[PDB]
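Data from protein-v8.cif: mmCIF, C-alpha atoms and all ligand atoms
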data_structure
loop_
_atom_site.label_atom_id
_atom_site.label_comp_id
_atom_site.auth_asym_id
_atom_site.auth_seq_id
_atom_site.Cartn_x
_atom_site.Cartn_y
_atom_site.Cartn_z
CA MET A 1 111.66 101.84 101.52
CA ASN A 2 110.42 98.23 101.02
CA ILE A 3 108.98 96.15 98.21
CA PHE A 4 105.41 97.32 98.74
CA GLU A 5 106.19 100.97 98.60
CA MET A 6 108.44 100.43 95.66
CA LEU A 7 105.83 98.60 93.71
CA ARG A 8 103.14 100.99 94.77
CA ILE A 9 105.25 103.67 93.14
CA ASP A 10 105.83 101.69 89.89
CA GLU A 11 102.30 100.38 89.40
CA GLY A 12 100.13 103.11 90.97
CA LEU A 13 96.65 102.39 92.43
CA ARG A 14 93.33 102.31 90.51
CA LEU A 15 90.04 101.09 91.96
CA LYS A 16 88.21 100.66 88.58
CA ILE A 17 89.15 98.18 85.83
CA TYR A 18 91.85 99.65 83.61
CA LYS A 19 94.13 98.80 80.71
CA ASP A 20 97.81 98.33 81.46
CA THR A 21 100.71 99.48 79.29
CA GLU A 22 100.18 96.37 77.07
CA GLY A 23 96.41 97.09 76.85
CA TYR A 24 95.32 94.33 79.31
CA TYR A 25 92.64 94.51 81.84
CA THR A 26 93.98 95.19 85.25
CA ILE A 27 92.93 96.63 88.60
CA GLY A 28 94.24 97.82 91.91
CA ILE A 29 97.97 97.83 92.28
CA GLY A 30 98.96 96.28 88.96
CA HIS A 31 96.86 93.19 89.39
CA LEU A 32 96.40 91.58 85.98
CA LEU A 33 92.99 90.29 85.43
CA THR A 34 93.08 88.80 81.95
CA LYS A 35 94.79 88.99 78.64
CA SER A 36 91.58 88.73 76.83
CA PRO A 37 89.99 91.79 75.29
CA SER A 38 86.44 91.02 76.52
CA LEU A 39 85.63 93.42 79.35
CA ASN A 40 83.20 90.93 80.57
CA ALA A 41 85.79 88.22 80.97
CA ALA A 42 87.66 90.79 82.96
CA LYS A 43 84.74 91.52 85.24
CA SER A 44 84.14 87.83 85.72
CA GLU A 45 87.76 87.45 86.71
CA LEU A 46 87.53 90.37 89.12
CA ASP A 47 84.43 88.94 90.83
CA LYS A 48 86.09 85.56 91.19
CA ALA A 49 89.31 87.08 92.67
CA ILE A 50 87.36 89.28 95.11
CA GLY A 51 84.60 86.98 95.95
CA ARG A 52 81.67 89.21 95.25
CA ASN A 53 79.89 91.03 92.48
CA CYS A 54 82.13 94.04 91.92
CA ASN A 55 80.79 95.42 88.79
CA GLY A 56 84.40 96.48 87.84
CA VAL A 57 85.03 98.42 91.04
CA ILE A 58 86.85 97.59 94.27
CA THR A 59 87.76 99.14 97.50
CA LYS A 60 91.18 100.24 98.71
CA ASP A 61 91.32 97.41 101.21
CA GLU A 62 90.38 94.89 98.51
CA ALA A 63 93.10 96.29 96.34
CA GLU A 64 95.60 96.05 99.07
CA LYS A 65 94.59 92.56 99.75
CA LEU A 66 95.17 91.51 96.18
CA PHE A 67 98.50 93.28 96.37
CA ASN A 68 99.57 91.28 99.39
CA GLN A 69 98.68 88.06 97.71
CA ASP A 70 100.45 89.04 94.55
CA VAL A 71 103.70 90.06 96.25
CA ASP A 72 103.68 86.85 98.10
CA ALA A 73 103.03 84.77 94.97
CA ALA A 74 105.89 86.48 93.20
CA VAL A 75 108.43 85.72 95.86
CA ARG A 76 107.25 82.25 96.20
CA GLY A 77 107.49 81.88 92.41
CA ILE A 78 111.09 82.95 92.54
CA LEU A 79 111.87 80.53 95.29
CA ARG A 80 110.45 77.69 93.39
CA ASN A 81 112.33 78.40 90.23
CA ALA A 82 115.61 76.55 89.82
CA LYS A 83 117.21 79.18 87.62
CA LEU A 84 116.00 82.01 89.78
CA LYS A 85 116.43 80.81 93.30
CA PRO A 86 120.19 80.64 93.46
CA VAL A 87 120.51 84.14 92.04
CA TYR A 88 118.00 85.67 94.27
CA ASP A 89 119.64 84.12 97.33
CA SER A 90 122.91 85.48 96.33
CA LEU A 91 121.73 89.10 96.48
CA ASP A 92 121.50 91.64 99.25
CA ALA A 93 118.16 92.92 100.47
CA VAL A 94 117.79 95.93 98.22
CA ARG A 95 118.70 94.07 95.11
CA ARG A 96 116.22 91.35 96.02
CA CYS A 97 113.51 94.00 95.89
CA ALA A 98 114.52 94.83 92.36
CA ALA A 99 114.23 91.07 91.46
CA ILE A 100 110.78 90.86 92.90
CA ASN A 101 109.72 93.97 90.99
CA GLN A 102 110.67 92.50 87.73
CA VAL A 103 108.94 89.20 88.42
CA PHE A 104 105.86 91.06 89.51
CA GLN A 105 105.74 92.99 86.29
CA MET A 106 106.82 90.27 83.86
CA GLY A 107 106.39 86.79 85.32
CA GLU A 108 108.92 84.17 86.33
CA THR A 109 108.90 83.16 82.79
CA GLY A 110 110.07 86.46 81.31
CA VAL A 111 112.80 86.72 83.88
CA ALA A 112 113.83 83.09 83.58
CA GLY A 113 115.19 83.87 80.00
CA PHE A 114 117.52 86.74 81.07
CA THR A 115 120.20 84.14 81.28
CA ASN A 116 123.20 86.30 80.64
CA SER A 117 121.96 88.88 83.07
CA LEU A 118 121.31 86.18 85.60
CA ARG A 119 124.82 85.10 85.46
CA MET A 120 126.19 88.63 85.73
CA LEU A 121 124.13 89.42 88.73
CA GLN A 122 125.17 86.21 90.36
CA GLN A 123 128.79 87.13 89.76
CA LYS A 124 128.12 90.64 91.13
CA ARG A 125 129.22 92.41 87.87
CA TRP A 126 126.75 95.25 88.48
CA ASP A 127 127.57 97.54 85.70
CA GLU A 128 127.82 94.75 83.28
CA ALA A 129 124.45 93.38 84.24
CA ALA A 130 122.93 96.89 84.05
CA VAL A 131 124.00 97.28 80.41
CA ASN A 132 122.77 93.81 79.53
CA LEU A 133 119.47 94.33 81.15
CA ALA A 134 118.82 97.50 79.04
CA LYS A 135 119.15 95.48 75.83
CA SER A 136 115.62 94.21 76.15
CA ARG A 137 112.15 94.79 74.96
CA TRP A 138 111.28 95.38 78.66
CA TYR A 139 113.55 98.42 78.88
CA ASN A 140 112.43 99.71 75.43
CA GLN A 141 108.72 99.53 76.23
CA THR A 142 108.84 100.83 79.76
CA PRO A 143 112.04 102.77 80.03
CA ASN A 144 111.35 104.98 83.04
CA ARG A 145 110.37 102.06 85.21
CA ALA A 146 113.08 99.79 83.78
CA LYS A 147 115.57 102.58 84.51
CA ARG A 148 114.61 102.68 88.14
CA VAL A 149 114.88 98.86 88.53
CA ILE A 150 118.16 98.72 86.71
CA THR A 151 119.60 101.46 88.88
CA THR A 152 118.49 99.51 91.82
CA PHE A 153 120.29 96.37 90.66
CA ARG A 154 123.27 98.48 89.74
CA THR A 155 123.72 100.28 93.03
CA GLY A 156 122.06 98.29 95.75
CA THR A 157 120.47 101.59 97.07
CA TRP A 158 117.04 103.21 96.86
CA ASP A 159 118.24 106.22 95.09
CA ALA A 160 116.09 105.83 92.00
CA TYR A 161 113.05 105.79 94.19
CA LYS A 162 114.58 108.81 95.81
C1 LIG B 201 117.32 89.42 85.33
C2 LIG B 201 116.65 88.47 86.33
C3 LIG B 201 116.80 89.05 87.76
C4 LIG B 201 116.24 88.09 88.79
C5 LIG B 201 117.09 87.26 89.50
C6 LIG B 201 116.60 86.39 90.48
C7 LIG B 201 115.21 86.34 90.71
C8 LIG B 201 114.37 87.18 89.99
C9 LIG B 201 114.87 88.08 89.03
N1 LIG B 201 114.06 88.97 88.24
CL CL B 202 92.13 86.35 94.96
CL CL B 203 107.99 103.31 82.55
#
Give the structure from the file, written as structure tokens.
Ligand SMILES: CCCc1ccccc1N
Ligand SMILES: [Cl-]
Ligand SMILES: [Cl-]
Amino acid sequence: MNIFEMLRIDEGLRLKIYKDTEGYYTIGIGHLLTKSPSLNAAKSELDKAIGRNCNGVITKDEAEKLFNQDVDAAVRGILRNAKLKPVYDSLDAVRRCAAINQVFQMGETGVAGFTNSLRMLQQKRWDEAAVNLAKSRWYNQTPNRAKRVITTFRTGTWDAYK
């Protein structure tokens, strides 16, 4: 297992514009297009990201390309963050995938305010961090996914992704 496979599992793959769990226009492998509710803004955003007139539809390769860029951006966002960086570097490889997942789904912002969890993870208090992480709107809105990420942080194995 690796980050791409993991995220492909959590986000799925859709080649036509769709609405995410929060009702926002998205495409491909969880690639957010816009928070606005105007489909047209969304199509404009898609065309600009792809570089051609898509008319709301993309190819598999195009999707995968956005996905590459997006995984990369996420990691790089983590590395640039002062609160995040030190934590991330303290983790092993599996757990780092779980960190990237979260940032991919919620932004560096969202994650940057999980202060108490940050600390617990840095101290390697797995079970404690796991409980703390579940006390969140993130877990409450997307429990199945949050469960898999939390298990991942908790155990350092790919079991939740089976
Ligand atoms: C709870 C925050 C977990 C975390 C630590 C380091 C980098 C990214 C993320 N998501
Ligand atoms: Cl792009
Ligand atoms: Cl879910």
With 3 Å of padding per side, what axis-aligned box (centre and edge lengths, Å, one decimal) covers all the listed atoms of ligand LIG 201 (chain B)? Give it as AutoDock Vina command-line options.
--center_x 115.7 --center_y 87.9 --center_z 88.0 --size_x 9.3 --size_y 9.1 --size_z 11.4
Q) Just how far from CA of residue 27 (chain A) is CA of residue 52 (chain A), in Å to one decimal? A) 15.0 Å
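Once all atoms listed in the file are used for the distance check, the residues close to ligand CL 203 (chain B) at 8 Å turn out to be residues 10, 141, 142, 143, 144, 145, 146 and 147 of chain A.
Interatomic distance, CA of residue 113 (chain A) against atom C2 of ligand LIG 201 (chain B): 8.0 Å.
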Set the distance at 8 Å and use all atoms listed in the file: which residues neighbour residue 149 (chain A) once local chain neighbours fewer than 5 positions away are removed? I'd like the list as a short mmCIF file (atom, residue, chain, number, x, y, z; two decimals) with C-alpha atoms, in the coordinates of the input.
data_model
loop_
_atom_site.label_atom_id
_atom_site.label_comp_id
_atom_site.auth_asym_id
_atom_site.auth_seq_id
_atom_site.Cartn_x
_atom_site.Cartn_y
_atom_site.Cartn_z
CA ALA A 98 114.52 94.83 92.36
CA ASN A 101 109.72 93.97 90.99
CA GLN A 102 110.67 92.50 87.73
CA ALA A 160 116.09 105.83 92.00
#
